[PDB]
>>> print(open('protein25.pdb').read())   # PDB, C-alpha atoms and all ligand atoms
ATOM      1  CA  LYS P   1      -1.902 -23.747 -12.779  1.00  0.00           C
ATOM      2  CA  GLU P   2       0.188 -20.639 -13.293  1.00  0.00           C
ATOM      3  CA  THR P   3       3.581 -20.260 -11.638  1.00  0.00           C
ATOM      4  CA  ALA P   4       3.604 -17.560  -8.880  1.00  0.00           C
ATOM      5  CA  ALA P   5       6.214 -15.653 -10.947  1.00  0.00           C
ATOM      6  CA  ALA P   6       3.950 -15.773 -14.089  1.00  0.00           C
ATOM      7  CA  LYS P   7       0.959 -14.582 -12.055  1.00  0.00           C
ATOM      8  CA  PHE P   8       2.911 -11.598 -10.757  1.00  0.00           C
ATOM      9  CA  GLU P   9       3.899 -10.695 -14.310  1.00  0.00           C
ATOM     10  CA  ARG P  10       0.315 -10.925 -15.529  1.00  0.00           C
ATOM     11  CA  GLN P  11      -1.256  -8.980 -12.614  1.00  0.00           C
ATOM     12  CA  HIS P  12       1.398  -6.335 -12.114  1.00  0.00           C
ATOM     13  CA  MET P  13       3.494  -5.657 -15.152  1.00  0.00           C
ATOM     14  CA  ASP P  14       2.750  -3.113 -17.821  1.00  0.00           C
ATOM     15  CA  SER P  15       5.972  -2.270 -19.535  1.00  0.00           C
ATOM     16  CA  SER P  16       4.251  -1.207 -22.778  1.00  0.00           C
ATOM     17  CA  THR P  17       3.155   2.268 -21.531  1.00  0.00           C
ATOM     18  CA  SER P  18       5.103   4.902 -19.523  1.00  0.00           C
ATOM     19  CA  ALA P  19       1.959   5.793 -17.498  1.00  0.00           C
ATOM     20  CA  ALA P  20      -1.827   5.318 -17.379  1.00  0.00           C
ATOM     21  CA  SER P  21      -3.308   6.526 -20.576  1.00  0.00           C
ATOM     22  CA  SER P  22      -6.680   8.065 -19.327  1.00  0.00           C
ATOM     23  CA  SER P  23      -9.403   7.300 -16.674  1.00  0.00           C
ATOM     24  CA  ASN P  24     -10.309   4.120 -18.524  1.00  0.00           C
ATOM     25  CA  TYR P  25      -6.855   2.554 -18.253  1.00  0.00           C
ATOM     26  CA  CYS P  26      -7.908   0.260 -15.328  1.00  0.00           C
ATOM     27  CA  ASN P  27     -11.204  -0.963 -16.793  1.00  0.00           C
ATOM     28  CA  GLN P  28      -9.319  -1.928 -19.944  1.00  0.00           C
ATOM     29  CA  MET P  29      -6.260  -3.464 -18.210  1.00  0.00           C
ATOM     30  CA  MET P  30      -8.133  -5.349 -15.492  1.00  0.00           C
ATOM     31  CA  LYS P  31     -10.250  -6.932 -18.190  1.00  0.00           C
ATOM     32  CA  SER P  32      -7.473  -7.869 -20.605  1.00  0.00           C
ATOM     33  CA  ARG P  33      -5.259  -9.281 -17.824  1.00  0.00           C
ATOM     34  CA  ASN P  34      -8.166 -11.514 -16.880  1.00  0.00           C
ATOM     35  CA  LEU P  35      -8.654  -9.950 -13.524  1.00  0.00           C
ATOM     36  CA  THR P  36     -12.355  -9.500 -14.088  1.00  0.00           C
ATOM     37  CA  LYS P  37     -13.140 -13.063 -15.180  1.00  0.00           C
ATOM     38  CA  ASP P  38     -15.118 -14.777 -12.471  1.00  0.00           C
ATOM     39  CA  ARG P  39     -15.057 -11.908 -10.058  1.00  0.00           C
ATOM     40  CA  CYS P  40     -13.840  -8.293  -9.956  1.00  0.00           C
ATOM     41  CA  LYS P  41     -10.346  -8.150  -8.379  1.00  0.00           C
ATOM     42  CA  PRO P  42     -10.870  -5.286  -5.856  1.00  0.00           C
ATOM     43  CA  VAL P  43      -7.366  -3.756  -5.912  1.00  0.00           C
ATOM     44  CA  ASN P  44      -4.507  -4.219  -8.312  1.00  0.00           C
ATOM     45  CA  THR P  45      -1.332  -2.296  -9.165  1.00  0.00           C
ATOM     46  CA  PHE P  46       0.390  -2.111 -12.491  1.00  0.00           C
ATOM     47  CA  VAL P  47       4.112  -1.170 -12.754  1.00  0.00           C
ATOM     48  CA  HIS P  48       5.242   0.753 -15.832  1.00  0.00           C
ATOM     49  CA  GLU P  49       8.895  -0.270 -15.914  1.00  0.00           C
ATOM     50  CA  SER P  50      10.705  -3.052 -17.602  1.00  0.00           C
ATOM     51  CA  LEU P  51      10.320  -6.531 -16.293  1.00  0.00           C
ATOM     52  CA  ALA P  52      14.135  -6.425 -15.714  1.00  0.00           C
ATOM     53  CA  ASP P  53      13.838  -3.262 -13.506  1.00  0.00           C
ATOM     54  CA  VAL P  54      11.038  -4.853 -11.530  1.00  0.00           C
ATOM     55  CA  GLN P  55      12.951  -8.101 -11.144  1.00  0.00           C
ATOM     56  CA  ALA P  56      16.063  -6.240  -9.919  1.00  0.00           C
ATOM     57  CA  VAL P  57      13.989  -5.087  -6.929  1.00  0.00           C
ATOM     58  CA  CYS P  58      14.636  -8.620  -5.488  1.00  0.00           C
ATOM     59  CA  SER P  59      18.288  -7.534  -4.832  1.00  0.00           C
ATOM     60  CA  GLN P  60      17.378  -4.096  -3.442  1.00  0.00           C
ATOM     61  CA  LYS P  61      16.294  -3.117   0.134  1.00  0.00           C
ATOM     62  CA  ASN P  62      15.259  -6.109   2.225  1.00  0.00           C
ATOM     63  CA  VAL P  63      12.220  -4.867   4.257  1.00  0.00           C
ATOM     64  CA  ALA P  64       9.379  -6.770   6.089  1.00  0.00           C
ATOM     65  CA  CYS P  65       6.128  -7.613   4.293  1.00  0.00           C
ATOM     66  CA  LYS P  66       2.820  -6.291   5.778  1.00  0.00           C
ATOM     67  CA  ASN P  67       2.210  -9.956   6.733  1.00  0.00           C
ATOM     68  CA  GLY P  68       5.432 -10.103   8.764  1.00  0.00           C
ATOM     69  CA  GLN P  69       7.488 -12.310   6.332  1.00  0.00           C
ATOM     70  CA  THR P  70      10.979 -11.081   5.573  1.00  0.00           C
ATOM     71  CA  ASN P  71      11.336 -11.715   1.809  1.00  0.00           C
ATOM     72  CA  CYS P  72      10.068  -8.291   0.748  1.00  0.00           C
ATOM     73  CA  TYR P  73      12.143  -5.707  -1.006  1.00  0.00           C
ATOM     74  CA  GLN P  74      11.534  -2.025  -1.591  1.00  0.00           C
ATOM     75  CA  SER P  75      12.911  -0.513  -4.795  1.00  0.00           C
ATOM     76  CA  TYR P  76      15.673   2.130  -4.302  1.00  0.00           C
ATOM     77  CA  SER P  77      13.897   4.331  -6.794  1.00  0.00           C
ATOM     78  CA  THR P  78      10.400   5.465  -7.540  1.00  0.00           C
ATOM     79  CA  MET P  79       8.707   3.783 -10.483  1.00  0.00           C
ATOM     80  CA  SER P  80       5.728   4.830 -12.630  1.00  0.00           C
ATOM     81  CA  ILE P  81       2.735   2.835 -11.319  1.00  0.00           C
ATOM     82  CA  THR P  82      -1.038   2.778 -11.658  1.00  0.00           C
ATOM     83  CA  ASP P  83      -3.398   1.726  -8.873  1.00  0.00           C
ATOM     84  CA  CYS P  84      -6.710   0.149 -10.018  1.00  0.00           C
ATOM     85  CA  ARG P  85      -9.475  -0.030  -7.421  1.00  0.00           C
ATOM     86  CA  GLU P  86     -13.142  -0.896  -7.762  1.00  0.00           C
ATOM     87  CA  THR P  87     -15.530   2.074  -7.516  1.00  0.00           C
ATOM     88  CA  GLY P  88     -18.595   1.719  -5.120  1.00  0.00           C
ATOM     89  CA  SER P  89     -20.684   1.713  -8.312  1.00  0.00           C
ATOM     90  CA  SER P  90     -18.967  -1.594  -9.557  1.00  0.00           C
ATOM     91  CA  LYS P  91     -20.783  -4.923  -9.556  1.00  0.00           C
ATOM     92  CA  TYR P  92     -19.589  -8.155 -11.202  1.00  0.00           C
ATOM     93  CA  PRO P  93     -19.731  -8.720 -14.261  1.00  0.00           C
ATOM     94  CA  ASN P  94     -19.866  -4.984 -14.837  1.00  0.00           C
ATOM     95  CA  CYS P  95     -16.642  -4.250 -13.107  1.00  0.00           C
ATOM     96  CA  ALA P  96     -15.791  -0.560 -12.577  1.00  0.00           C
ATOM     97  CA  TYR P  97     -12.342   0.788 -11.656  1.00  0.00           C
ATOM     98  CA  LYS P  98     -10.774   4.103 -10.547  1.00  0.00           C
ATOM     99  CA  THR P  99      -7.353   4.713 -12.155  1.00  0.00           C
ATOM    100  CA  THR P 100      -4.686   6.413  -9.993  1.00  0.00           C
ATOM    101  CA  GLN P 101      -1.321   7.100 -11.754  1.00  0.00           C
ATOM    102  CA  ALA P 102       1.692   7.854  -9.507  1.00  0.00           C
ATOM    103  CA  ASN P 103       5.446   7.396  -8.935  1.00  0.00           C
ATOM    104  CA  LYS P 104       6.369   5.455  -5.890  1.00  0.00           C
ATOM    105  CA  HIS P 105       8.771   2.853  -4.594  1.00  0.00           C
ATOM    106  CA  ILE P 106       7.269  -0.598  -4.942  1.00  0.00           C
ATOM    107  CA  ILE P 107       7.701  -3.321  -2.425  1.00  0.00           C
ATOM    108  CA  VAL P 108       7.515  -6.900  -3.643  1.00  0.00           C
ATOM    109  CA  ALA P 109       7.984 -10.364  -2.039  1.00  0.00           C
ATOM    110  CA  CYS P 110      10.505 -12.562  -3.909  1.00  0.00           C
ATOM    111  CA  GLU P 111      10.847 -16.230  -3.952  1.00  0.00           C
ATOM    112  CA  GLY P 112      11.980 -19.197  -5.899  1.00  0.00           C
ATOM    113  CA  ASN P 113      15.325 -19.427  -7.564  1.00  0.00           C
ATOM    114  CA  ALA P 114      15.363 -17.888 -10.058  1.00  0.00           C
ATOM    115  CA  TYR P 115      14.510 -15.467  -7.205  1.00  0.00           C
ATOM    116  CA  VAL P 116      11.834 -13.221  -8.766  1.00  0.00           C
ATOM    117  CA  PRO P 117       8.818 -11.168  -7.621  1.00  0.00           C
ATOM    118  CA  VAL P 118       5.850 -13.351  -6.610  1.00  0.00           C
ATOM    119  CA  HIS P 119       3.593 -10.816  -4.779  1.00  0.00           C
ATOM    120  CA  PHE P 120       2.997  -7.056  -4.856  1.00  0.00           C
ATOM    121  CA  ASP P 121       2.982  -5.975  -1.268  1.00  0.00           C
ATOM    122  CA  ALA P 122       2.672  -2.165  -1.486  1.00  0.00           C
ATOM    123  CA  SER P 123       3.993   1.056  -2.951  1.00  0.00           C
ATOM    124  CA  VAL P 124       5.519   3.949  -1.013  1.00  0.00           C
TER     125      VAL P 124
ATOM    126  CA  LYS L   1      -9.580  -2.334  25.173  1.00  0.00           C
ATOM    127  CA  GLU L   2      -9.021   0.578  22.826  1.00  0.00           C
ATOM    128  CA  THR L   3     -11.740   1.729  20.444  1.00  0.00           C
ATOM    129  CA  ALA L   4     -10.894   1.000  16.749  1.00  0.00           C
ATOM    130  CA  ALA L   5     -11.000   4.783  16.112  1.00  0.00           C
ATOM    131  CA  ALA L   6      -8.502   5.434  19.002  1.00  0.00           C
ATOM    132  CA  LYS L   7      -6.189   2.704  17.700  1.00  0.00           C
ATOM    133  CA  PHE L   8      -6.140   4.265  14.242  1.00  0.00           C
ATOM    134  CA  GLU L   9      -5.250   7.625  15.769  1.00  0.00           C
ATOM    135  CA  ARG L  10      -2.428   6.124  17.810  1.00  0.00           C
ATOM    136  CA  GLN L  11      -0.939   3.994  14.983  1.00  0.00           C
ATOM    137  CA  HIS L  12      -1.375   6.387  12.090  1.00  0.00           C
ATOM    138  CA  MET L  13      -1.583   9.998  13.089  1.00  0.00           C
ATOM    139  CA  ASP L  14       1.322  12.363  13.426  1.00  0.00           C
ATOM    140  CA  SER L  15       0.008  15.853  13.080  1.00  0.00           C
ATOM    141  CA  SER L  16       2.874  17.392  15.087  1.00  0.00           C
ATOM    142  CA  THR L  17       5.459  17.298  12.234  1.00  0.00           C
ATOM    143  CA  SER L  18       5.084  18.238   8.526  1.00  0.00           C
ATOM    144  CA  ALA L  19       7.326  15.297   7.476  1.00  0.00           C
ATOM    145  CA  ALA L  20       9.749  12.675   8.829  1.00  0.00           C
ATOM    146  CA  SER L  21      12.517  14.391  10.637  1.00  0.00           C
ATOM    147  CA  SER L  22      15.554  12.092   9.748  1.00  0.00           C
ATOM    148  CA  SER L  23      16.277   8.314   9.254  1.00  0.00           C
ATOM    149  CA  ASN L  24      15.509   7.691  12.911  1.00  0.00           C
ATOM    150  CA  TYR L  25      11.947   9.012  12.757  1.00  0.00           C
ATOM    151  CA  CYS L  26      10.427   5.462  12.609  1.00  0.00           C
ATOM    152  CA  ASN L  27      12.496   3.898  15.398  1.00  0.00           C
ATOM    153  CA  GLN L  28      11.457   6.783  17.637  1.00  0.00           C
ATOM    154  CA  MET L  29       7.768   6.891  16.581  1.00  0.00           C
ATOM    155  CA  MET L  30       7.160   3.140  16.541  1.00  0.00           C
ATOM    156  CA  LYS L  31       8.513   2.986  20.065  1.00  0.00           C
ATOM    157  CA  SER L  32       6.624   5.942  21.521  1.00  0.00           C
ATOM    158  CA  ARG L  33       3.320   4.876  19.917  1.00  0.00           C
ATOM    159  CA  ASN L  34       3.770   1.528  21.625  1.00  0.00           C
ATOM    160  CA  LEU L  35       4.105  -0.382  18.434  1.00  0.00           C
ATOM    161  CA  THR L  36       7.241  -2.116  19.608  1.00  0.00           C
ATOM    162  CA  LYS L  37       5.923  -3.328  22.969  1.00  0.00           C
ATOM    163  CA  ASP L  38       5.500  -7.070  22.853  1.00  0.00           C
ATOM    164  CA  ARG L  39       6.524  -7.474  19.268  1.00  0.00           C
ATOM    165  CA  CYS L  40       7.851  -5.310  16.421  1.00  0.00           C
ATOM    166  CA  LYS L  41       4.935  -4.140  14.219  1.00  0.00           C
ATOM    167  CA  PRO L  42       6.349  -4.984  10.736  1.00  0.00           C
ATOM    168  CA  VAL L  43       4.767  -2.147   8.717  1.00  0.00           C
ATOM    169  CA  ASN L  44       3.109   1.044   9.821  1.00  0.00           C
ATOM    170  CA  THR L  45       2.245   4.370   8.180  1.00  0.00           C
ATOM    171  CA  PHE L  46       2.088   7.741   9.816  1.00  0.00           C
ATOM    172  CA  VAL L  47       0.044  10.610   8.268  1.00  0.00           C
ATOM    173  CA  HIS L  48       1.322  14.158   8.746  1.00  0.00           C
ATOM    174  CA  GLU L  49      -1.943  16.060   8.410  1.00  0.00           C
ATOM    175  CA  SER L  50      -4.487  17.175  10.890  1.00  0.00           C
ATOM    176  CA  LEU L  51      -6.751  14.638  12.441  1.00  0.00           C
ATOM    177  CA  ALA L  52      -9.629  16.660  10.851  1.00  0.00           C
ATOM    178  CA  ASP L  53      -8.103  16.291   7.315  1.00  0.00           C
ATOM    179  CA  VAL L  54      -7.636  12.580   7.858  1.00  0.00           C
ATOM    180  CA  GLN L  55     -11.155  12.180   9.206  1.00  0.00           C
ATOM    181  CA  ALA L  56     -12.624  14.052   6.207  1.00  0.00           C
ATOM    182  CA  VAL L  57     -11.282  11.235   4.008  1.00  0.00           C
ATOM    183  CA  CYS L  58     -14.369   9.227   5.200  1.00  0.00           C
ATOM    184  CA  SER L  59     -16.543  11.497   2.949  1.00  0.00           C
ATOM    185  CA  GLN L  60     -14.160  11.408  -0.033  1.00  0.00           C
ATOM    186  CA  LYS L  61     -13.818   8.742  -2.807  1.00  0.00           C
ATOM    187  CA  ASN L  62     -15.538   5.476  -1.925  1.00  0.00           C
ATOM    188  CA  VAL L  63     -13.157   2.738  -3.246  1.00  0.00           C
ATOM    189  CA  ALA L  64     -12.812  -1.027  -2.384  1.00  0.00           C
ATOM    190  CA  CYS L  65     -10.442  -2.186   0.364  1.00  0.00           C
ATOM    191  CA  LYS L  66      -7.655  -4.691  -0.559  1.00  0.00           C
ATOM    192  CA  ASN L  67      -9.767  -7.208   1.424  1.00  0.00           C
ATOM    193  CA  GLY L  68     -12.799  -6.629  -0.813  1.00  0.00           C
ATOM    194  CA  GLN L  69     -14.945  -4.628   1.717  1.00  0.00           C
ATOM    195  CA  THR L  70     -16.497  -1.452   0.383  1.00  0.00           C
ATOM    196  CA  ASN L  71     -16.040   1.030   3.269  1.00  0.00           C
ATOM    197  CA  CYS L  72     -12.682   2.354   2.074  1.00  0.00           C
ATOM    198  CA  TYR L  73     -12.071   5.871   0.928  1.00  0.00           C
ATOM    199  CA  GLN L  74      -9.171   7.390  -0.959  1.00  0.00           C
ATOM    200  CA  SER L  75      -8.291  11.008  -0.192  1.00  0.00           C
ATOM    201  CA  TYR L  76      -8.804  13.471  -3.111  1.00  0.00           C
ATOM    202  CA  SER L  77      -5.414  14.938  -2.363  1.00  0.00           C
ATOM    203  CA  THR L  78      -1.949  13.732  -1.582  1.00  0.00           C
ATOM    204  CA  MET L  79      -0.894  13.964   2.049  1.00  0.00           C
ATOM    205  CA  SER L  80       2.554  13.982   3.691  1.00  0.00           C
ATOM    206  CA  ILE L  81       3.106  10.432   5.014  1.00  0.00           C
ATOM    207  CA  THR L  82       5.914   8.296   6.396  1.00  0.00           C
ATOM    208  CA  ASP L  83       6.156   4.538   5.896  1.00  0.00           C
ATOM    209  CA  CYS L  84       7.922   2.605   8.710  1.00  0.00           C
ATOM    210  CA  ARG L  85       9.056  -0.922   7.873  1.00  0.00           C
ATOM    211  CA  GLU L  86      11.285  -3.322   9.766  1.00  0.00           C
ATOM    212  CA  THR L  87      14.791  -3.754   8.314  1.00  0.00           C
ATOM    213  CA  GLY L  88      16.093  -7.404   7.821  1.00  0.00           C
ATOM    214  CA  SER L  89      18.548  -6.565  10.617  1.00  0.00           C
ATOM    215  CA  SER L  90      15.616  -6.019  13.174  1.00  0.00           C
ATOM    216  CA  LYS L  91      14.871  -8.506  15.938  1.00  0.00           C
ATOM    217  CA  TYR L  92      12.483  -7.985  18.872  1.00  0.00           C
ATOM    218  CA  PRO L  93      13.137  -6.256  21.378  1.00  0.00           C
ATOM    219  CA  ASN L  94      15.723  -4.427  19.308  1.00  0.00           C
ATOM    220  CA  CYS L  95      13.325  -3.286  16.688  1.00  0.00           C
ATOM    221  CA  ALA L  96      14.838  -1.604  13.605  1.00  0.00           C
ATOM    222  CA  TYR L  97      12.896   0.470  11.058  1.00  0.00           C
ATOM    223  CA  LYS L  98      13.485   2.055   7.620  1.00  0.00           C
ATOM    224  CA  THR L  99      11.851   5.503   7.300  1.00  0.00           C
ATOM    225  CA  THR L 100      10.329   6.404   3.902  1.00  0.00           C
ATOM    226  CA  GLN L 101       8.828   9.951   3.651  1.00  0.00           C
ATOM    227  CA  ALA L 102       6.443  10.624   0.726  1.00  0.00           C
ATOM    228  CA  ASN L 103       3.262  12.383  -0.463  1.00  0.00           C
ATOM    229  CA  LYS L 104       0.489  10.123  -1.513  1.00  0.00           C
ATOM    230  CA  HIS L 105      -3.252   9.681  -1.362  1.00  0.00           C
ATOM    231  CA  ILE L 106      -4.198   7.572   1.628  1.00  0.00           C
ATOM    232  CA  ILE L 107      -6.943   5.042   1.607  1.00  0.00           C
ATOM    233  CA  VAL L 108      -8.669   4.279   4.889  1.00  0.00           C
ATOM    234  CA  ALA L 109     -11.631   2.080   5.976  1.00  0.00           C
ATOM    235  CA  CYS L 110     -14.276   3.996   7.979  1.00  0.00           C
ATOM    236  CA  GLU L 111     -16.787   2.737  10.363  1.00  0.00           C
ATOM    237  CA  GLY L 112     -18.877   3.531  13.344  1.00  0.00           C
ATOM    238  CA  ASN L 113     -20.961   6.626  13.648  1.00  0.00           C
ATOM    239  CA  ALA L 114     -19.299   8.949  14.306  1.00  0.00           C
ATOM    240  CA  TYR L 115     -18.018   7.499  10.992  1.00  0.00           C
ATOM    241  CA  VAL L 116     -14.219   7.803  11.341  1.00  0.00           C
ATOM    242  CA  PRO L 117     -11.091   6.005  10.075  1.00  0.00           C
ATOM    243  CA  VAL L 118     -10.586   2.595  11.722  1.00  0.00           C
ATOM    244  CA  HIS L 119      -7.913   1.005   9.441  1.00  0.00           C
ATOM    245  CA  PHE L 120      -5.125   2.225   7.152  1.00  0.00           C
ATOM    246  CA  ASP L 121      -5.500   0.255   3.986  1.00  0.00           C
ATOM    247  CA  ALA L 122      -2.847   1.766   1.675  1.00  0.00           C
ATOM    248  CA  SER L 123      -1.378   4.883   0.128  1.00  0.00           C
ATOM    249  CA  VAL L 124      -1.264   5.715  -3.580  1.00  0.00           C
TER     250      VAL L 124
HETATM  251 CL    CL D 201      -1.882  -4.909  -5.922  1.00  0.00          CL
HETATM  252 CL    CL D 202       0.069   0.789   7.879  1.00  0.00          CL
END
>>> encode(input="protein25.pdb", output="structure tokens")
Amino acid sequence: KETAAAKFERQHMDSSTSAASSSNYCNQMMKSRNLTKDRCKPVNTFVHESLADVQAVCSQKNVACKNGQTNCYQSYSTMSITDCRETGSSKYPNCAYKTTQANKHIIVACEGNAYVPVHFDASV
Amino acid sequence: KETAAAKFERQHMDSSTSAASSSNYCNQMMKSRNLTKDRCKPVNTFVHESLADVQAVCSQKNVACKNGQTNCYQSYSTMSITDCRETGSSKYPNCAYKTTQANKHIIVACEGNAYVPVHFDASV
């Protein structure tokens, strides 16, 4: 059992690097964050900002989530992020990922109190 | 009954402008594309490129869809796009939208043959 807040940190936070390293960043990160354990997670985004900057997004712009809920927030500024998506030539347990580095606003759903990010909804 | 291809064109294509006009672009577009008819669509992206450039994305990078399917493609280049998302101060039939203009790769699911975009999966 992992708290929803802890799961968000593990799947989406990468404060140790300013941006994706090389084309192998995703294969390495998806593996060490245990996102390739029983299955290959198809899509996952990593945010390269402090945990505190990502958490502050829960007090930023209140916007709707793609699912219609209203506890999503879009960051006022763009953040360094890296999208990891399985390549068509990927097959569990030999997971393969395309790394796409970019700067975009992130939108996250927040919940609990402490009111922290619990789901990565999208980047803009 | 609208074909899936026709629905994608109507919800996501805006080849008539190079980029979102002003902060009211989304209120105007979501209304005239009939996305505010019986309900307020919570999130919707418009692509400002030709229909032909968007359709060519179906022969570009084959990547997985957030849902795990494998018929998604990410465009090799960034495209002018505009994200429209309901503000927390939006309530049907007085739909309210935040307009966020940006340049990102788009990822779309393609299907049918003619093999054309049928769903906007995400932008990167
Ligand atoms: Cl994600
Ligand atoms: Cl959309």
>>> calpha_fit_and_write(input="protein25.pdb", fixed="chain L", moving="chain P", output="compact mmCIF listing (two decimals) with C-alpha atoms, in the frame of the given file")
# COMPACT_ATOMS: atom_id res chain seq x y z
CA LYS P 1 -9.58 -2.33 25.17
CA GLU P 2 -9.02 0.58 22.83
CA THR P 3 -11.74 1.73 20.44
CA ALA P 4 -10.89 1.00 16.75
CA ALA P 5 -11.00 4.78 16.11
CA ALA P 6 -8.50 5.43 19.00
CA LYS P 7 -6.19 2.70 17.70
CA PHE P 8 -6.14 4.26 14.24
CA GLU P 9 -5.25 7.63 15.77
CA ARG P 10 -2.43 6.12 17.81
CA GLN P 11 -0.94 3.99 14.98
CA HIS P 12 -1.38 6.39 12.09
CA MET P 13 -1.58 10.00 13.09
CA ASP P 14 1.32 12.36 13.43
CA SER P 15 0.01 15.85 13.08
CA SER P 16 2.87 17.39 15.09
CA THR P 17 5.46 17.30 12.23
CA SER P 18 5.08 18.24 8.53
CA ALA P 19 7.33 15.30 7.48
CA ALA P 20 9.75 12.67 8.83
CA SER P 21 12.52 14.39 10.64
CA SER P 22 15.55 12.09 9.75
CA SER P 23 16.28 8.31 9.25
CA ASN P 24 15.51 7.69 12.91
CA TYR P 25 11.95 9.01 12.76
CA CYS P 26 10.43 5.46 12.61
CA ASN P 27 12.50 3.90 15.40
CA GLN P 28 11.46 6.78 17.64
CA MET P 29 7.77 6.89 16.58
CA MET P 30 7.16 3.14 16.54
CA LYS P 31 8.51 2.99 20.07
CA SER P 32 6.62 5.94 21.52
CA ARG P 33 3.32 4.88 19.92
CA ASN P 34 3.77 1.53 21.63
CA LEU P 35 4.11 -0.38 18.43
CA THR P 36 7.24 -2.12 19.61
CA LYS P 37 5.92 -3.33 22.97
CA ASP P 38 5.50 -7.07 22.85
CA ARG P 39 6.52 -7.47 19.27
CA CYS P 40 7.85 -5.31 16.42
CA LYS P 41 4.94 -4.14 14.22
CA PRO P 42 6.35 -4.98 10.74
CA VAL P 43 4.77 -2.15 8.72
CA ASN P 44 3.11 1.04 9.82
CA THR P 45 2.25 4.37 8.18
CA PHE P 46 2.09 7.74 9.82
CA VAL P 47 0.04 10.61 8.27
CA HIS P 48 1.32 14.16 8.75
CA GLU P 49 -1.94 16.06 8.41
CA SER P 50 -4.49 17.18 10.89
CA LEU P 51 -6.75 14.64 12.44
CA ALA P 52 -9.63 16.66 10.85
CA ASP P 53 -8.10 16.29 7.31
CA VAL P 54 -7.64 12.58 7.86
CA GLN P 55 -11.15 12.18 9.21
CA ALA P 56 -12.62 14.05 6.21
CA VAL P 57 -11.28 11.23 4.01
CA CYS P 58 -14.37 9.23 5.20
CA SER P 59 -16.54 11.50 2.95
CA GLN P 60 -14.16 11.41 -0.03
CA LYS P 61 -13.82 8.74 -2.81
CA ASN P 62 -15.54 5.48 -1.92
CA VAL P 63 -13.16 2.74 -3.25
CA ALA P 64 -12.81 -1.03 -2.38
CA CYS P 65 -10.44 -2.19 0.36
CA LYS P 66 -7.66 -4.69 -0.56
CA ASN P 67 -9.77 -7.21 1.42
CA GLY P 68 -12.80 -6.63 -0.81
CA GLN P 69 -14.95 -4.63 1.72
CA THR P 70 -16.50 -1.45 0.38
CA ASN P 71 -16.04 1.03 3.27
CA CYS P 72 -12.68 2.35 2.07
CA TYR P 73 -12.07 5.87 0.93
CA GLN P 74 -9.17 7.39 -0.96
CA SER P 75 -8.29 11.01 -0.19
CA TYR P 76 -8.80 13.47 -3.11
CA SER P 77 -5.41 14.94 -2.36
CA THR P 78 -1.95 13.73 -1.58
CA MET P 79 -0.89 13.96 2.05
CA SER P 80 2.55 13.98 3.69
CA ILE P 81 3.11 10.43 5.01
CA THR P 82 5.91 8.30 6.40
CA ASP P 83 6.16 4.54 5.90
CA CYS P 84 7.92 2.61 8.71
CA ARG P 85 9.06 -0.92 7.87
CA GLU P 86 11.29 -3.32 9.77
CA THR P 87 14.79 -3.75 8.31
CA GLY P 88 16.09 -7.40 7.82
CA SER P 89 18.55 -6.56 10.62
CA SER P 90 15.62 -6.02 13.17
CA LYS P 91 14.87 -8.51 15.94
CA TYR P 92 12.48 -7.98 18.87
CA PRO P 93 13.14 -6.26 21.38
CA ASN P 94 15.72 -4.43 19.31
CA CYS P 95 13.32 -3.29 16.69
CA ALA P 96 14.84 -1.60 13.61
CA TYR P 97 12.90 0.47 11.06
CA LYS P 98 13.49 2.06 7.62
CA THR P 99 11.85 5.50 7.30
CA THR P 100 10.33 6.40 3.90
CA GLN P 101 8.83 9.95 3.65
CA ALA P 102 6.44 10.62 0.73
CA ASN P 103 3.26 12.38 -0.46
CA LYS P 104 0.49 10.12 -1.51
CA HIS P 105 -3.25 9.68 -1.36
CA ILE P 106 -4.20 7.57 1.63
CA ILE P 107 -6.94 5.04 1.61
CA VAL P 108 -8.67 4.28 4.89
CA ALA P 109 -11.63 2.08 5.98
CA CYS P 110 -14.28 4.00 7.98
CA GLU P 111 -16.79 2.74 10.36
CA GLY P 112 -18.88 3.53 13.34
CA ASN P 113 -20.96 6.63 13.65
CA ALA P 114 -19.30 8.95 14.31
CA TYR P 115 -18.02 7.50 10.99
CA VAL P 116 -14.22 7.80 11.34
CA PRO P 117 -11.09 6.00 10.07
CA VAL P 118 -10.59 2.59 11.72
CA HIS P 119 -7.91 1.01 9.44
CA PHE P 120 -5.12 2.22 7.15
CA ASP P 121 -5.50 0.26 3.99
CA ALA P 122 -2.85 1.77 1.68
CA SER P 123 -1.38 4.88 0.13
CA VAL P 124 -1.26 5.71 -3.58
>>> interface_residues(input="protein25.pdb", of="chain L", to="chain P", cutoff="9 Å", atoms="only C-alpha atoms", output="PyMOL selection string")
chain L and resi 41-44+61-71+82-83+85-88+97-98+100-104+122-124
>>> resolve_selection(input="protein25.pdb", expression="the PyMOL selection byres (((chain P and resi 13) around 10) and not hetatm)", output="number ranges by chain")
P: 7-12, 14-16, 33, 45-51, 54, 81
>>> axis_aligned_box(input="protein25.pdb", around="stretch 28-34 of chain L", padding_each_side="8 Å", output="JSON")
{"center_x": 7.4, "center_y": 4.2, "center_z": 19.1, "size_x": 24.1, "size_y": 21.4, "size_z": 21.1}
>>> atom_distance(input="protein25.pdb", atom1="atom CA of residue P:6", atom2="atom CA of residue P:117")
9.3 Å
>>> resolve_selection(input="protein25.pdb", expression="the PyMOL selection byres (((chain L and resi 58) around 8) and not hetatm)", output="mmCIF file with C-alpha atoms, keeping the file's coordinate frame")
data_model
loop_
_atom_site.group_PDB
_atom_site.id
_atom_site.type_symbol
_atom_site.label_atom_id
_atom_site.label_comp_id
_atom_site.auth_asym_id
_atom_site.auth_seq_id
_atom_site.Cartn_x
_atom_site.Cartn_y
_atom_site.Cartn_z
ATOM 1 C CA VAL L 54 -7.636 12.580 7.858
ATOM 2 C CA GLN L 55 -11.155 12.180 9.206
ATOM 3 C CA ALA L 56 -12.624 14.052 6.207
ATOM 4 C CA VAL L 57 -11.282 11.235 4.008
ATOM 5 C CA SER L 59 -16.543 11.497 2.949
ATOM 6 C CA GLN L 60 -14.160 11.408 -0.033
ATOM 7 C CA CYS L 72 -12.682 2.354 2.074
ATOM 8 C CA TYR L 73 -12.071 5.871 0.928
ATOM 9 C CA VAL L 108 -8.669 4.279 4.889
ATOM 10 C CA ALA L 109 -11.631 2.080 5.976
ATOM 11 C CA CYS L 110 -14.276 3.996 7.979
ATOM 12 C CA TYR L 115 -18.018 7.499 10.992
ATOM 13 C CA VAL L 116 -14.219 7.803 11.341
ATOM 14 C CA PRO L 117 -11.091 6.005 10.075
#
